[PDB]
Structures are given as structure tokens and as C-alpha cells.
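Student: If it helps, the file is called final_24.cif and holds mmCIF, C-alpha atoms:
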```cif
data_entry
loop_
_atom_site.label_atom_id
_atom_site.label_comp_id
_atom_site.auth_asym_id
_atom_site.auth_seq_id
_atom_site.Cartn_x
_atom_site.Cartn_y
_atom_site.Cartn_z
CA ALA A 1 -24.14 -3.47 -12.91
CA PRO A 2 -21.39 -5.14 -10.86
CA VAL A 3 -22.78 -7.71 -8.44
CA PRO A 4 -22.82 -6.27 -4.89
CA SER A 5 -20.28 -7.69 -2.43
CA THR A 6 -18.44 -6.06 0.45
CA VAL A 7 -15.30 -4.48 -0.98
CA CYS A 8 -12.09 -5.97 0.46
CA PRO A 9 -10.38 -3.29 2.61
CA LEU A 10 -7.12 -3.72 0.69
CA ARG A 11 -9.02 -3.17 -2.55
CA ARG A 12 -10.68 -0.12 -1.03
CA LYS A 13 -7.23 1.28 -0.24
CA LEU A 14 -6.19 0.77 -3.88
CA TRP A 15 -9.31 2.66 -4.98
CA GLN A 16 -8.09 5.80 -3.22
CA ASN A 17 -6.17 6.45 -6.48
CA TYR A 18 -8.87 5.17 -8.86
CA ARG A 19 -8.75 6.50 -12.45
CA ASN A 20 -11.58 6.15 -15.02
CA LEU A 21 -9.94 5.17 -18.35
CA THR A 22 -11.23 5.30 -21.94
CA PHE A 23 -9.86 3.73 -25.12
CA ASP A 24 -8.26 5.87 -27.84
CA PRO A 25 -10.17 5.08 -31.08
CA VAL A 26 -7.42 6.48 -33.32
CA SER A 27 -5.01 3.84 -31.95
CA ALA A 28 -7.41 0.92 -32.15
CA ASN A 29 -6.70 -1.99 -34.47
CA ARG A 30 -9.11 -1.92 -37.42
CA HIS A 31 -10.78 -5.15 -36.25
CA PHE A 32 -11.65 -3.58 -32.88
CA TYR A 33 -15.19 -2.38 -32.14
CA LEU A 34 -15.52 0.23 -29.38
CA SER A 35 -18.68 0.73 -27.32
CA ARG A 36 -19.99 2.15 -24.05
CA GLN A 37 -18.53 5.62 -24.55
CA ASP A 38 -15.16 4.00 -25.39
CA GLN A 39 -15.00 2.06 -22.11
CA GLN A 40 -15.30 -1.32 -23.87
CA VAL A 41 -13.56 -2.93 -26.86
CA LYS A 42 -14.04 -6.26 -28.68
CA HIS A 43 -11.75 -7.86 -31.28
CA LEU A 44 -14.11 -8.89 -34.11
CA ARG A 45 -13.42 -11.21 -37.03
CA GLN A 46 -14.67 -8.69 -39.61
CA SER A 47 -12.44 -5.68 -40.22
CA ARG A 48 -13.60 -2.04 -40.23
CA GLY A 49 -11.55 -1.26 -43.33
CA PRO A 50 -8.16 0.37 -42.81
CA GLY A 51 -8.44 1.87 -39.35
CA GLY A 52 -6.26 4.78 -40.42
CA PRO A 53 -2.91 6.34 -39.54
CA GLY A 54 -1.72 5.63 -36.02
CA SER A 55 -3.82 2.49 -35.71
CA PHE A 56 -2.10 -0.58 -34.30
CA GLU A 57 -1.41 -3.28 -36.88
CA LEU A 58 -0.80 -5.46 -33.85
CA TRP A 59 -3.98 -6.64 -32.13
CA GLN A 60 -3.77 -3.70 -29.72
CA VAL A 61 -5.41 -0.50 -28.52
CA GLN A 62 -4.27 2.14 -26.02
CA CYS A 63 -6.13 4.49 -23.69
CA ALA A 64 -6.62 8.23 -23.94
CA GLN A 65 -4.96 8.78 -20.54
CA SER A 66 -1.25 8.95 -19.62
CA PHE A 67 0.51 9.06 -16.22
CA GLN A 68 3.76 10.68 -15.13
CA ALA A 69 4.03 11.19 -11.39
CA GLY A 70 1.72 10.40 -8.52
CA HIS A 71 -0.15 7.17 -7.87
CA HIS A 72 -2.88 5.67 -10.08
CA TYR A 73 -5.09 2.55 -10.01
CA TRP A 74 -7.71 1.06 -12.31
CA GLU A 75 -9.57 -2.18 -12.93
CA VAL A 76 -10.37 -4.01 -16.17
CA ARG A 77 -12.70 -6.95 -16.86
CA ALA A 78 -11.70 -9.53 -19.49
CA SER A 79 -14.35 -11.70 -21.16
CA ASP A 80 -11.86 -14.59 -21.40
CA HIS A 81 -8.16 -15.43 -21.35
CA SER A 82 -5.73 -14.43 -24.12
CA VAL A 83 -5.53 -10.71 -23.35
CA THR A 84 -2.55 -8.57 -22.33
CA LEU A 85 -2.75 -5.57 -19.98
CA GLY A 86 0.15 -3.15 -19.87
CA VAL A 87 1.62 0.34 -20.02
CA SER A 88 4.08 1.85 -22.50
CA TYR A 89 6.17 4.90 -23.24
CA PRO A 90 5.06 6.89 -26.32
CA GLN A 91 7.54 5.11 -28.64
CA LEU A 92 5.77 1.73 -28.65
CA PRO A 93 5.70 0.56 -32.29
CA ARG A 94 2.34 0.21 -34.04
CA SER A 95 3.49 -2.00 -36.94
CA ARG A 96 3.54 -5.78 -37.14
CA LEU A 97 6.94 -6.44 -38.71
CA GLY A 98 6.85 -10.18 -38.00
CA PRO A 99 4.70 -13.13 -36.96
CA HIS A 100 4.04 -11.78 -33.44
CA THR A 101 0.79 -9.85 -32.88
CA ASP A 102 1.52 -8.60 -29.32
CA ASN A 103 4.51 -6.39 -28.56
CA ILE A 104 3.53 -5.32 -25.01
CA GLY A 105 6.53 -5.97 -22.77
CA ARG A 106 8.57 -7.18 -25.72
CA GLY A 107 11.01 -4.26 -25.42
CA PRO A 108 12.36 -1.79 -22.87
CA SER A 109 9.49 0.71 -23.43
CA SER A 110 6.57 -1.34 -22.11
CA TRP A 111 5.52 -3.69 -19.33
CA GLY A 112 2.60 -6.12 -19.45
CA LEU A 113 0.76 -9.09 -17.96
CA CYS A 114 -0.66 -11.59 -20.43
CA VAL A 115 -3.46 -13.86 -19.16
CA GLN A 116 -3.32 -17.30 -20.76
CA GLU A 117 -5.46 -20.42 -20.53
CA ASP A 118 -3.48 -21.95 -17.68
CA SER A 119 -0.79 -19.41 -16.70
CA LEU A 120 0.16 -15.74 -16.58
CA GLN A 121 3.14 -14.13 -18.37
CA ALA A 122 4.76 -10.99 -16.88
CA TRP A 123 6.54 -9.32 -19.85
CA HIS A 124 9.27 -6.67 -19.99
CA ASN A 125 12.21 -6.20 -22.38
CA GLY A 126 11.32 -9.36 -24.38
CA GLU A 127 11.44 -11.58 -21.27
CA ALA A 128 8.43 -13.25 -19.66
CA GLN A 129 8.08 -14.67 -16.16
CA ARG A 130 5.64 -17.62 -16.25
CA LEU A 131 3.29 -17.46 -13.26
CA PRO A 132 0.52 -19.79 -12.03
CA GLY A 133 -2.77 -19.28 -13.81
CA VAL A 134 -5.76 -17.53 -12.26
CA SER A 135 -9.46 -18.09 -12.86
CA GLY A 136 -10.53 -14.53 -12.00
CA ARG A 137 -11.17 -12.15 -14.88
CA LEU A 138 -11.31 -8.86 -12.91
CA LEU A 139 -7.80 -7.42 -12.97
CA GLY A 140 -6.25 -4.37 -11.34
CA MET A 141 -3.20 -2.25 -12.18
CA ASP A 142 -1.60 -0.15 -9.41
CA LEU A 143 0.93 2.36 -10.79
CA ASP A 144 2.94 4.09 -8.03
CA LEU A 145 5.03 6.59 -9.92
CA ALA A 146 6.47 8.04 -6.73
CA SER A 147 8.20 4.73 -5.96
CA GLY A 148 8.36 3.40 -9.52
CA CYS A 149 6.27 0.28 -8.87
CA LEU A 150 3.67 -1.33 -11.12
CA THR A 151 1.65 -4.14 -9.54
CA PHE A 152 -0.98 -6.30 -11.21
CA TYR A 153 -3.85 -7.69 -9.14
CA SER A 154 -6.58 -10.26 -9.43
CA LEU A 155 -9.64 -9.03 -7.59
CA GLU A 156 -11.92 -12.10 -7.64
CA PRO A 157 -12.34 -14.07 -5.51
CA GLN A 158 -9.82 -12.19 -3.31
CA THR A 159 -7.56 -9.21 -3.76
CA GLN A 160 -4.24 -10.88 -4.67
CA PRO A 161 -1.10 -9.28 -6.11
CA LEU A 162 0.13 -11.21 -9.14
CA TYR A 163 3.41 -9.50 -10.08
CA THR A 164 5.29 -6.25 -9.41
CA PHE A 165 7.73 -4.51 -11.77
CA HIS A 166 10.08 -1.79 -10.56
CA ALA A 167 11.48 0.88 -12.88
CA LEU A 168 12.68 4.47 -12.93
CA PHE A 169 9.96 5.59 -15.35
CA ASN A 170 11.29 8.50 -17.43
CA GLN A 171 8.39 9.29 -19.82
CA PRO A 172 4.59 9.31 -19.37
CA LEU A 173 2.98 5.85 -19.39
CA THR A 174 -0.11 5.06 -21.45
CA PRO A 175 -2.21 1.93 -20.73
CA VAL A 176 -2.12 -0.47 -23.69
CA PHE A 177 -3.85 -3.80 -24.32
CA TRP A 178 -3.67 -6.86 -26.62
CA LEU A 179 -6.72 -8.98 -27.47
CA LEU A 180 -7.10 -12.28 -29.26
CA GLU A 181 -10.01 -12.48 -31.70
CA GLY A 182 -13.36 -12.78 -29.89
CA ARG A 183 -12.21 -11.17 -26.63
CA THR A 184 -13.82 -8.16 -24.94
CA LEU A 185 -12.08 -5.83 -22.46
CA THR A 186 -14.08 -3.40 -20.28
CA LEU A 187 -12.42 -0.47 -18.46
CA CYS A 188 -14.22 -0.37 -15.11
CA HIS A 189 -15.28 3.00 -13.70
CA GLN A 190 -15.76 4.01 -10.04
#
```
Kindly transcribe the structure held in the file into C-alpha cells.
Tutor:
Amino acid sequence: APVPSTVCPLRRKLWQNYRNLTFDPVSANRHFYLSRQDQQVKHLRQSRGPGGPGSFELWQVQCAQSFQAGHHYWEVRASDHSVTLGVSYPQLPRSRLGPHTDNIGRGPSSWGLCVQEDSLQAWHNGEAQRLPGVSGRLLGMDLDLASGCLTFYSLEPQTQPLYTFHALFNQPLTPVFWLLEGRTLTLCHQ
């Protein structure tokens, strides 16, 4: 039950390519609890045992959808800061070889936007751009695979682009997310 408000005409244009995403439970870190027909995930303190083969040792989970040409848009609601929203090629590593728990945008195969307490970090290839923080927790990802552009949006209180990456994407892209303990992410459907 999203609160009614008149949809911004720019946001309505983005929705012309809206995609309804679901999480992939095989990928999910063993501490992650999925609900709402796999539209919602929460990082819990208590583990669910060994999640199994293919599960992220990082604090991550990916979606069951991938994208390769065309133009695609979706929205996600975060319960709080300290989440990362991104896309990756299929080769993104699942293991935690070191102290870091988030590898989204830490190599050439993924791109991500991490929401922090008082800033944003736009990650690719192990480099982050530090951007001004936002208070809104409703975030959009616009993936134009015709032009090779990925743009992150904040949708509340206005529709505002946050950062755009350009790339010549050469494999299908799968949405992928990082969550600190206690955080919930909800894949919004339209």
C-alpha cells in the first residue's frame, strides 16, 4: 500500500519500461530472510545454517531476472541507509576472501550505488564517487541497454537523478544488492 500522490511525469516516463523483479533465493546470503513472494529481503542476525552452494558469503543477494538489450526500469525501497543497489555480469564472485563484505562495483564486472548515513557512493572498478547524501529511501534504476546508460534515481520527495554510468555492456546484467545487518529491501512492483 504505497501512499497515493500524483506521479511525477518524469517518473511516469521511466515507468514505461517498468520491470517487476524478484530475489533469487539460491544466491541469498544465509543470514537473509526472504518474504512477500521473494519481493522482500531482510538481513537478520541469526543465520539460516549454511545457505548452500551458490549463496553469497558477502552480505548480498541477486535477482532472478537478467537484462541484455532494450530499456528497463525498476524501483526499490530501503528500510534504512547502508544498502547497495547494483547490477553485475555473471562472473561476480560470491566468496568473501577478505575483510570487505560488499563487492558490488569493486571490479570491472559490476556497478553500484551505496547509500550511506550522510552520502552516496557510486562504485565501479574499485573506485567510488562520493556524492551528497539523500534522505529519500525510494530508489530507481534506469538501465538503457540501447545507449549503454545506467542511471540511479531518488524518487522522494522529487524525481532526481543521482548518478549515471556509461558502458558498452557485453554480457547480461543481473540486479544485485548488499545489506547491512537489520536492513530490509523491497522490490517494488507496478
Student: Using the chain letters and residue numbers of this document, give as a PyMOL selection string the residues selected by the PyMOL selection byres ((chain A and resi 71-84) around 8).
Tutor: chain A and resi 14-15+17-21+67+69-70+85-86+104+112-117+137-146+177-180+183-189
Student: Quick one: everything within 9 Å of residue 107 of chain A, counting only C-alpha atoms, minus sequence neighbours fewer than 6 positions away in the same chain. Send it as a ChimeraX atom specification.
Tutor: /A:92,123-127
Student: Could the residues in this selection be written to a file with C-alpha atoms, as a PDB file, in the frame of the given file?
Tutor:
```pdb
ATOM      1  CA  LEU A  92       5.770   1.730 -28.650  1.00  0.00           C
ATOM      2  CA  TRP A 123       6.540  -9.320 -19.850  1.00  0.00           C
ATOM      3  CA  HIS A 124       9.270  -6.670 -19.990  1.00  0.00           C
ATOM      4  CA  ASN A 125      12.210  -6.200 -22.380  1.00  0.00           C
ATOM      5  CA  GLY A 126      11.320  -9.360 -24.380  1.00  0.00           C
ATOM      6  CA  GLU A 127      11.440 -11.580 -21.270  1.00  0.00           C
TER       7      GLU A 127
END
```
Student: For residue 10 of chain A, find every residue with an atom within 12 Å (counting only C-alpha atoms), except residues of its own chain fewer than 6 positions away, and show them as an MDAnalysis selection string.
Tutor: chainID A and resid 16 153 155 158:161
Student: Translate the PyMOL selection byres ((chain A and resi 170) around 12) into a concrete residue list for this structure, as a PyMOL selection string.
Tutor: chain A and resi 67-69+88-90+108-110+145-146+148+167-169+171-173
Student: Output the selection as a CSV table (one decimal), keeping the file's coordinate frame - C-alpha atoms for each residue.
Tutor:
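To be explicit, this is the file written out as result-v7.csv:
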```
chain,number,residue,atom,x,y,z
A,67,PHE,CA,0.5,9.1,-16.2
A,68,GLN,CA,3.8,10.7,-15.1
A,69,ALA,CA,4.0,11.2,-11.4
A,88,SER,CA,4.1,1.8,-22.5
A,89,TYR,CA,6.2,4.9,-23.2
A,90,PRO,CA,5.1,6.9,-26.3
A,108,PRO,CA,12.4,-1.8,-22.9
A,109,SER,CA,9.5,0.7,-23.4
A,110,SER,CA,6.6,-1.3,-22.1
A,145,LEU,CA,5.0,6.6,-9.9
A,146,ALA,CA,6.5,8.0,-6.7
A,148,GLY,CA,8.4,3.4,-9.5
A,167,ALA,CA,11.5,0.9,-12.9
A,168,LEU,CA,12.7,4.5,-12.9
A,169,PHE,CA,10.0,5.6,-15.4
A,171,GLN,CA,8.4,9.3,-19.8
A,172,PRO,CA,4.6,9.3,-19.4
A,173,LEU,CA,3.0,5.8,-19.4
```
Student: May I ask for the distance between atom CA of residue 32 of chain A and atom CA of residue 44 of chain A, given in Å to one decimal place?
Tutor: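 Atom-to-atom, atom CA of residue 32 of chain A to atom CA of residue 44 of chain A, that is 6.0 Å.
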Student: Under the rule that all atoms listed in the file are counted, which of A:56, A:23, A:33, A:152 is the nearest residue to residue 102 of chain A?
Tutor: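 Between A:56, A:23, A:33, A:152, the residue approaching residue 102 of chain A most closely is A:56.
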Student: Which is closest to residue 62 of chain A among A:25, A:50, A:133, A:98, if we use all atoms listed in the file?
Tutor: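 Between A:25, A:50, A:133, A:98, the residue approaching residue 62 of chain A most closely is A:25.
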Student: When distances are computed from all atoms listed in the file, which of A:119, A:27, A:60, A:147 shows the smallest separation from residue 165 of chain A?
Tutor: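 The answer is A:147, which sits nearest to residue 165 of chain A.
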Student: Using all atoms listed in the file, which of the listed residues (A:164, A:121, A:174, A:37) sits closest to residue 91 of chain A?
Tutor: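 Ranking A:164, A:121, A:174, A:37 by distance to residue 91 of chain A, first place goes to A:174.
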Student: Need the neighbours of (5.3, -17.9, -9.1): which residues are at most 9 Å away, counting all atoms listed in the file, as a PyMOL selection string?
Tutor: chain A and resi 129-132+162-163
Student: How big is the axis-aligned box around the listed atoms of segment 92-99 of chain A once 3 Å is added on each side, and where is its centre? Give both in Å to one decimal, as lines of an AutoDock Vina configuration file.
Tutor:
```
center_x = 4.6
center_y = -5.7
center_z = -33.7
size_x = 10.6
size_y = 20.9
size_z = 16.1
```
Student: Do you have the atom CA of residue 135 of chain A-atom CA of residue 122 of chain A distance handy?
Tutor: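 Computing it gives 16.4 Å between the two atoms.
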Student: Using all atoms listed in the file, pick whichever of A:34, A:1, A:43, A:8 has the shortest atom-to-atom distance to residue 181 of chain A.
Tutor: A:43
Student: Please evaluate the PyMOL selection byres ((chain A and resi 47) around 9) against the displayed coordinates and give the resulting residues as a ChimeraX atom specification.
Tutor: /A:29-32,44-46,48-51
Student: Go ahead and save the residues from that selection, with C-alpha atoms, as an mmCIF file, in the coordinates of the input.
Tutor:
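The resulting again.cif:
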```
data_model
loop_
_atom_site.group_PDB
_atom_site.id
_atom_site.type_symbol
_atom_site.label_atom_id
_atom_site.label_comp_id
_atom_site.auth_asym_id
_atom_site.auth_seq_id
_atom_site.Cartn_x
_atom_site.Cartn_y
_atom_site.Cartn_z
ATOM 1 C CA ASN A 29 -6.700 -1.990 -34.470
ATOM 2 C CA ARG A 30 -9.110 -1.920 -37.420
ATOM 3 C CA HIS A 31 -10.780 -5.150 -36.250
ATOM 4 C CA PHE A 32 -11.650 -3.580 -32.880
ATOM 5 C CA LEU A 44 -14.110 -8.890 -34.110
ATOM 6 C CA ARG A 45 -13.420 -11.210 -37.030
ATOM 7 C CA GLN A 46 -14.670 -8.690 -39.610
ATOM 8 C CA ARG A 48 -13.600 -2.040 -40.230
ATOM 9 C CA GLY A 49 -11.550 -1.260 -43.330
ATOM 10 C CA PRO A 50 -8.160 0.370 -42.810
ATOM 11 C CA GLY A 51 -8.440 1.870 -39.350
#
```
Student: Which value, in Å to one decimal, gives the distance between atom CA of residue 57 of chain A and atom CA of residue 101 of chain A?
Tutor: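 Distance between the two atoms: 8.0 Å.
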Student: Could you check the closest approach to residue 97 of chain A for each of A:58, A:64, A:111, A:166 and tell me which residue wins, using only C-alpha atoms?
Tutor: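 Ranked by minimum distance to residue 97 of chain A, first place goes to A:58.
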